[PDB]
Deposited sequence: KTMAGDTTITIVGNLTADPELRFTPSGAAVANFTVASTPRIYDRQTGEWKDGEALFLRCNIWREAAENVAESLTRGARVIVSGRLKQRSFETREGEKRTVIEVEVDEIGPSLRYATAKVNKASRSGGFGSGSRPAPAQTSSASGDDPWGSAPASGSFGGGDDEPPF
């Protein structure tokens, strides 16, 4: 079994940069990216750092680039960093796709 009583969210916004793909010592892929979601004039931007693993990480790195409008479903995680001792909220991604609101997409596989 996985987990229960975790805190899920869905964020829609734009990648701040190309996803960063790396491999662990074991050859597991991991991709990191930040989703910037701007409410609305425009409001202040929410920046959520995201992590995704394995085959989905490769698919992300192959498919998406800086500025891509994405829809991301995942679970909030806290990482403790740095100053006096601080925590930052990140997103462990369960699913991501490029939004079709202002774009079309050639889907393969």
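Stretches of the deposited sequence left without coordinates are 41-49, 91-93, 122-166, in sequence order.
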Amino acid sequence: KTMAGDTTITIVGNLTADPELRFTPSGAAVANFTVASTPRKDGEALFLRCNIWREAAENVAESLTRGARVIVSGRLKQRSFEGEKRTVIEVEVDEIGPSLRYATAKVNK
From here on, numbers count along this sequence of modelled residues.
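A summary of the deposited B-factors shows that, of 82-90 and 15-23, the stretch with the larger mean C-alpha value is 82-90. Here 71-79 and 42-50 are compared by their mean Cα B-factor, and 42-50 comes out higher. Split the chain's modelled residues into thirds by C-alpha temperature factor. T7 is in the lowest one.
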